[PDB]
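Quick notes on the structure that follows.
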Ligand SMILES: C[C@@H](C(=O)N1CCC[C@H](C(N)=O)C1)c1noc2ccccc12
Ligand SMILES: [Zn+2]
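What follows is the structure, encoded as structure tokens:
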């Protein structure tokens with residue numbers, strides 16, 4: 007579990023979005039596993055605007071932060087689940103690191119700010135849904 011709070015927006019994994027998230031929907035993309043809802047309170051997270059391939063992510067299954075090298079956002083195959091059929095997930099970045107079900111929503115940050123959130127993993131890998139291209143989150 008976990009979300010990014012920037013301005014009047016809340017960014018969450020689309021498969022974990024609540025009734026309130028869907029009732030206050032701004033944008034969602036099943037292919038990216040992202041959903042953005044509106045909030046009344048102001049969010050103070052800062053979004054990174056860069057091409058960093060190194061950063062630190064929060065791993066709830068270890069209650070720890072880990073430094074990682076991660077790939078550029080790309081289309082990657084993702085197996086079926088109670089949330090999606092087998093498909094390519096776009097804007098996804100992989101890293102070698104620990105992650106297990108329950109870790110989705112963990113933030114990945116670089117020195118510039120928030121890069122993305124945990125969305126996939128297993129087998130000694132962790133996948134992050136990138137948010138750096140969503141320039142509208144700032145305005
Ligand atoms: C269950 C599998 C997974 O990635 N899912 C389920 C949840 C939805 C994911 C998706 N993006 O479509 C696919 C998984 N394996 O290891 C992990 C580690 C972190 C996080 C999710 C996992
Ligand atoms: Zn950066």
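Numbering (the authors' numbering), first residue to last: 7 to 145.
By construction, the Cβ of each residue, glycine as well, lies at the ideal position given by its N, Cα and C atoms.
Asked                                                                                                                   : Found
Beta strand (DSSP E) segment containing residue 33, residue limits                                                      : 31 to 35
Collapsed DSSP secondary structure at residue 118 in the structure displayed                                            : coil
Nonlocal neighbours in the same chain, by C-beta distance under 6 Å from residue 97, ignoring five residues either side : 38, 79, 136
Option in 117, 100, 63, 143 with minimal Cα separation from residue 130                                                 : 100
Per-residue DSSP class, three states only, for residue 22                                                               : helix
Beta-carbon gap between residue 133 and residue 127 smaller than 7 Å                                                    : yes
Given residue 60 as reference, the closest of 110, 142, 24, 103 once Cα atoms are compared                              : 103
Rounded straight-line distance, which links the Cα of residue 54 to that of residue 141                                 : 10 Å
Nearest-angstrom Cα separation, counted from residue 15 out to residue 29                                               : 13 Å
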